[PDB]
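**Q** Encoded as structure tokens, here's the structure I'll be asking about.
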Amino acid sequence: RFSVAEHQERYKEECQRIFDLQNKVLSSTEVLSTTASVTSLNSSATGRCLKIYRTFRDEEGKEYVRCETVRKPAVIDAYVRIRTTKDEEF
Amino acid sequence: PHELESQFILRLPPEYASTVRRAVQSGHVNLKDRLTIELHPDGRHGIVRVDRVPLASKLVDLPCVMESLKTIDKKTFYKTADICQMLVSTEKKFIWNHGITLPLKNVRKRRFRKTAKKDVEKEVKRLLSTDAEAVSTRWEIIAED
């Protein structure tokens with residue numbers, strides 16, 4: 001609890017141990033056998049997906065509407081961020 | 001101008017690797033006729049022909065980054081290029097999980113932090129391009145559907 005030496009000593013010993021472990025891992029000629037478990041994020045914090053109905057005009061005369069759903073939360077974030085920016089860009 | 005040289009690693013089957021190694025250490029131009037490399041317009045597929053025998057190749061991405069370092073006195077080493085690709089001969093398939101050295105195997109699965117790699121943004125660009133043609137847009141929360 002005496003940071004003067006306790007904090008300095010423990011931090012130094014931890015750093016030395018980490019360095020020794022890294023050196024041992026680098027020096028191993030042991031052959032390892034041919035994705036590690038990770039937390040799986042939900043489709044965003046809100047658990048939502050992004051859809052988009054949209055109108056266009058075909059050759060001759062037509063007015064078809066396309067509804068497209070984006071379930072990729074990565075595509076979502078980048079998509080929305082531009083609109084919110086373009087909404088403020090006016 | 002100067003263009004940075006592009007070095008990659010070629011991995012061969014072990015008998016063909018022994019013949020290519022013997023022909024390289026010999027040093028004649030006979031090796032030049034014997035060893036050819038044809039890279040297909042896929043960009044991730046090829047043939048390596050050892051002694052006119054075709055072998056099927058894939059250009060894969062390596063999980064670590066290697067750097068070639070040349071020297072004249074073996075005390076100071078100058079970085080010459082970055083190596084990140086290997087033309088193993090015999091997308092997710094074009095990514096190699098293991099590293100070249102023995103301590104690094106499946107470095108991607110175990111010794112790599114899983115912050116992220118990359119795809120999602122090219123899809124975003126395509127989505128914005130499709131969005132451009134819109135008059136009435138409809139988007140909702142969505143649940144278990």
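FYI, nothing fancy with the structure tokens labels: chains A, B, ... in order, residues from 1 per chain, ligands from 1 as they appear.
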List the neighbours of residue B:69 out to 6 Å using only C-alpha atoms; skip same-chain residues closer than 3 positions along the sequence, and give me the result as a list in words.
**A** residues 77, 78, 79 and 80 of chain B
**Q** Kindly provide the residues of chain B that approach chain A to within 9 Å, each paired with its closest atom pair and their distance in Å to one decimal, based on only C-alpha atoms, listed by chain and increasing number, as JSON lines.
**A**
{"residue": "B:97", "atom": "CA", "partner": "A:34", "partner_atom": "CA", "distance": 8.6}
{"residue": "B:98", "atom": "CA", "partner": "A:34", "partner_atom": "CA", "distance": 7.6}
{"residue": "B:101", "atom": "CA", "partner": "A:29", "partner_atom": "CA", "distance": 8.3}
{"residue": "B:102", "atom": "CA", "partner": "A:29", "partner_atom": "CA", "distance": 5.4}
{"residue": "B:103", "atom": "CA", "partner": "A:28", "partner_atom": "CA", "distance": 5.3}
{"residue": "B:104", "atom": "CA", "partner": "A:32", "partner_atom": "CA", "distance": 7.7}
{"residue": "B:105", "atom": "CA", "partner": "A:32", "partner_atom": "CA", "distance": 5.6}
{"residue": "B:106", "atom": "CA", "partner": "A:34", "partner_atom": "CA", "distance": 6.5}
{"residue": "B:108", "atom": "CA", "partner": "A:35", "partner_atom": "CA", "distance": 8.0}
{"residue": "B:109", "atom": "CA", "partner": "A:35", "partner_atom": "CA", "distance": 5.0}
{"residue": "B:110", "atom": "CA", "partner": "A:36", "partner_atom": "CA", "distance": 6.2}
{"residue": "B:114", "atom": "CA", "partner": "A:38", "partner_atom": "CA", "distance": 7.9}
{"residue": "B:120", "atom": "CA", "partner": "A:75", "partner_atom": "CA", "distance": 5.5}
{"residue": "B:121", "atom": "CA", "partner": "A:75", "partner_atom": "CA", "distance": 6.3}
{"residue": "B:122", "atom": "CA", "partner": "A:75", "partner_atom": "CA", "distance": 8.6}
{"residue": "B:123", "atom": "CA", "partner": "A:75", "partner_atom": "CA", "distance": 6.5}
{"residue": "B:124", "atom": "CA", "partner": "A:75", "partner_atom": "CA", "distance": 5.0}
{"residue": "B:125", "atom": "CA", "partner": "A:79", "partner_atom": "CA", "distance": 8.1}
{"residue": "B:127", "atom": "CA", "partner": "A:79", "partner_atom": "CA", "distance": 7.6}
{"residue": "B:128", "atom": "CA", "partner": "A:79", "partner_atom": "CA", "distance": 6.9}
{"residue": "B:130", "atom": "CA", "partner": "A:54", "partner_atom": "CA", "distance": 8.9}
{"residue": "B:131", "atom": "CA", "partner": "A:54", "partner_atom": "CA", "distance": 7.2}
{"residue": "B:132", "atom": "CA", "partner": "A:54", "partner_atom": "CA", "distance": 8.9}
{"residue": "B:133", "atom": "CA", "partner": "A:56", "partner_atom": "CA", "distance": 5.6}
{"residue": "B:134", "atom": "CA", "partner": "A:54", "partner_atom": "CA", "distance": 4.1}
{"residue": "B:135", "atom": "CA", "partner": "A:55", "partner_atom": "CA", "distance": 5.0}
{"residue": "B:136", "atom": "CA", "partner": "A:54", "partner_atom": "CA", "distance": 5.3}
{"residue": "B:137", "atom": "CA", "partner": "A:53", "partner_atom": "CA", "distance": 4.4}
{"residue": "B:138", "atom": "CA", "partner": "A:53", "partner_atom": "CA", "distance": 4.7}
{"residue": "B:139", "atom": "CA", "partner": "A:51", "partner_atom": "CA", "distance": 4.2}
{"residue": "B:140", "atom": "CA", "partner": "A:51", "partner_atom": "CA", "distance": 6.4}
{"residue": "B:141", "atom": "CA", "partner": "A:48", "partner_atom": "CA", "distance": 5.2}
{"residue": "B:142", "atom": "CA", "partner": "A:48", "partner_atom": "CA", "distance": 6.1}
{"residue": "B:143", "atom": "CA", "partner": "A:48", "partner_atom": "CA", "distance": 7.4}
**Q** Run DSSP on the backbone and give me the residues of chain A it puts in strand (DSSP E or B), as a PyMOL selection string.
**A** chain A and resi 50-55+65-70
**Q** Which neighbours of residue B:59 fall inside 6 Å, counting only C-alpha atoms, when residues of the same chain fewer than 2 positions from it are skipped, and could you give them as number ranges by chain?
**A** B: 44, 86-87
**Q** Name the residues in contact with residue B:46 at a cut-off of 9 Å, using only C-alpha atoms, excluding same-chain residues fewer than 6 positions from it; report them as a list in words.
**A**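 The residues satisfying every condition are residues 37, 38, 39, 40, 55, 56, 57, 58, 59, 87 and 89 of chain B.
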**Q** Could you pull out the alpha helix (DSSP H) residues of stretch 1-139 of chain B, going by DSSP on the backbone, and write them as a PyMOL selection string?
**A** chain B and resi 14-26+30-34+120-131
**Q** Can those selected residues be exported to a file as a short mmCIF file (atom, residue, chain, number, x, y, z; two decimals), in the first residue's frame so that it contains N, CA, C and O atoms?
**A**
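After the write, selection.cif holds the following:
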data_model
loop_
_atom_site.label_atom_id
_atom_site.label_comp_id
_atom_site.auth_asym_id
_atom_site.auth_seq_id
_atom_site.Cartn_x
_atom_site.Cartn_y
_atom_site.Cartn_z
N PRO B 14 7.38 -30.30 -51.39
CA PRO B 14 8.75 -30.50 -50.87
C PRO B 14 9.74 -31.11 -51.85
O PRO B 14 10.91 -30.71 -51.86
N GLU B 15 9.30 -32.05 -52.69
CA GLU B 15 10.19 -32.59 -53.72
C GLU B 15 10.49 -31.54 -54.78
O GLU B 15 11.65 -31.37 -55.19
N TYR B 16 9.46 -30.81 -55.22
CA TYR B 16 9.67 -29.72 -56.17
C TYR B 16 10.46 -28.58 -55.55
O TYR B 16 11.23 -27.92 -56.24
N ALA B 17 10.30 -28.37 -54.24
CA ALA B 17 11.13 -27.38 -53.55
C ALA B 17 12.58 -27.80 -53.52
O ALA B 17 13.47 -26.95 -53.63
N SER B 18 12.85 -29.10 -53.40
CA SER B 18 14.23 -29.56 -53.40
C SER B 18 14.87 -29.41 -54.78
O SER B 18 16.04 -29.02 -54.89
N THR B 19 14.11 -29.70 -55.84
CA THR B 19 14.65 -29.51 -57.19
C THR B 19 14.88 -28.04 -57.51
O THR B 19 15.92 -27.69 -58.08
N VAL B 20 13.95 -27.16 -57.12
CA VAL B 20 14.13 -25.73 -57.33
C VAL B 20 15.28 -25.19 -56.49
O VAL B 20 16.05 -24.34 -56.96
N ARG B 21 15.48 -25.71 -55.28
CA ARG B 21 16.58 -25.25 -54.44
C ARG B 21 17.93 -25.66 -55.01
O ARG B 21 18.87 -24.86 -55.02
N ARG B 22 18.03 -26.89 -55.50
CA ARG B 22 19.25 -27.36 -56.14
C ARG B 22 19.56 -26.56 -57.40
O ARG B 22 20.72 -26.20 -57.65
N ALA B 23 18.53 -26.22 -58.18
CA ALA B 23 18.76 -25.44 -59.39
C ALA B 23 19.09 -23.98 -59.09
O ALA B 23 19.78 -23.34 -59.88
N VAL B 24 18.59 -23.44 -57.97
CA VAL B 24 18.93 -22.07 -57.60
C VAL B 24 20.36 -22.00 -57.11
O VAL B 24 21.14 -21.14 -57.54
N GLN B 25 20.74 -22.91 -56.22
CA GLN B 25 22.10 -22.93 -55.69
C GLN B 25 23.13 -23.35 -56.73
O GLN B 25 24.32 -23.08 -56.53
N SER B 26 22.72 -24.01 -57.81
CA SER B 26 23.64 -24.25 -58.91
C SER B 26 24.00 -22.95 -59.61
O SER B 26 25.19 -22.62 -59.75
N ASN B 30 19.85 -22.38 -66.76
CA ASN B 30 19.01 -23.57 -67.05
C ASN B 30 17.77 -23.48 -66.17
O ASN B 30 16.67 -23.81 -66.66
N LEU B 31 17.92 -22.99 -64.94
CA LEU B 31 16.78 -22.83 -64.00
C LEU B 31 15.74 -21.90 -64.64
O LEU B 31 14.54 -22.15 -64.45
N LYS B 32 16.19 -20.88 -65.37
CA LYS B 32 15.23 -19.88 -65.92
C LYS B 32 14.21 -20.59 -66.81
O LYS B 32 13.01 -20.34 -66.63
N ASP B 33 14.66 -21.48 -67.69
CA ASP B 33 13.73 -22.26 -68.55
C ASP B 33 12.88 -23.19 -67.68
O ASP B 33 11.66 -23.28 -67.94
N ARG B 34 13.48 -23.82 -66.67
CA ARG B 34 12.76 -24.83 -65.85
C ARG B 34 11.65 -24.22 -65.00
O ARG B 34 10.58 -24.86 -64.92
N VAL B 120 -17.12 -3.97 -45.50
CA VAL B 120 -18.29 -3.29 -44.91
C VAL B 120 -18.50 -1.90 -45.51
O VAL B 120 -19.64 -1.48 -45.75
N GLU B 121 -17.40 -1.18 -45.79
CA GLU B 121 -17.49 0.21 -46.32
C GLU B 121 -17.68 0.23 -47.84
O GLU B 121 -18.26 1.22 -48.34
N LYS B 122 -17.14 -0.75 -48.57
CA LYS B 122 -17.40 -0.84 -50.04
C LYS B 122 -18.90 -1.09 -50.21
O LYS B 122 -19.53 -0.47 -51.12
N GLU B 123 -19.45 -1.95 -49.35
CA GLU B 123 -20.91 -2.21 -49.38
C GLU B 123 -21.65 -0.91 -49.07
O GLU B 123 -22.63 -0.66 -49.74
N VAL B 124 -21.14 -0.10 -48.13
CA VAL B 124 -21.78 1.21 -47.80
C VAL B 124 -21.77 2.12 -49.03
O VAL B 124 -22.78 2.79 -49.27
N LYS B 125 -20.65 2.16 -49.75
CA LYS B 125 -20.55 3.02 -50.96
C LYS B 125 -21.61 2.54 -51.97
O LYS B 125 -22.36 3.39 -52.49
N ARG B 126 -21.71 1.21 -52.15
CA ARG B 126 -22.69 0.67 -53.13
C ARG B 126 -24.10 1.07 -52.67
O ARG B 126 -24.90 1.50 -53.53
N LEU B 127 -24.36 0.98 -51.37
CA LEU B 127 -25.69 1.31 -50.81
C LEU B 127 -26.02 2.79 -51.04
O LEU B 127 -27.12 3.04 -51.47
N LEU B 128 -25.06 3.70 -50.83
CA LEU B 128 -25.29 5.15 -51.06
C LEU B 128 -25.57 5.39 -52.54
O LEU B 128 -26.47 6.22 -52.88
N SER B 129 -24.83 4.68 -53.41
CA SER B 129 -25.06 4.83 -54.86
C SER B 129 -26.49 4.40 -55.20
O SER B 129 -27.19 5.17 -55.88
N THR B 130 -26.95 3.27 -54.65
CA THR B 130 -28.34 2.81 -54.90
C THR B 130 -29.34 3.80 -54.30
O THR B 130 -30.41 3.99 -54.91
N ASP B 131 -29.03 4.39 -53.14
CA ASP B 131 -29.92 5.33 -52.40
C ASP B 131 -30.17 6.50 -53.32
O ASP B 131 -31.32 6.98 -53.39
#
**Q** Which one of B:2, B:45, B:75, B:111 sits closest to residue B:63 if you count only C-alpha atoms?
**A**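 Smallest distance to residue B:63 is found for B:111.
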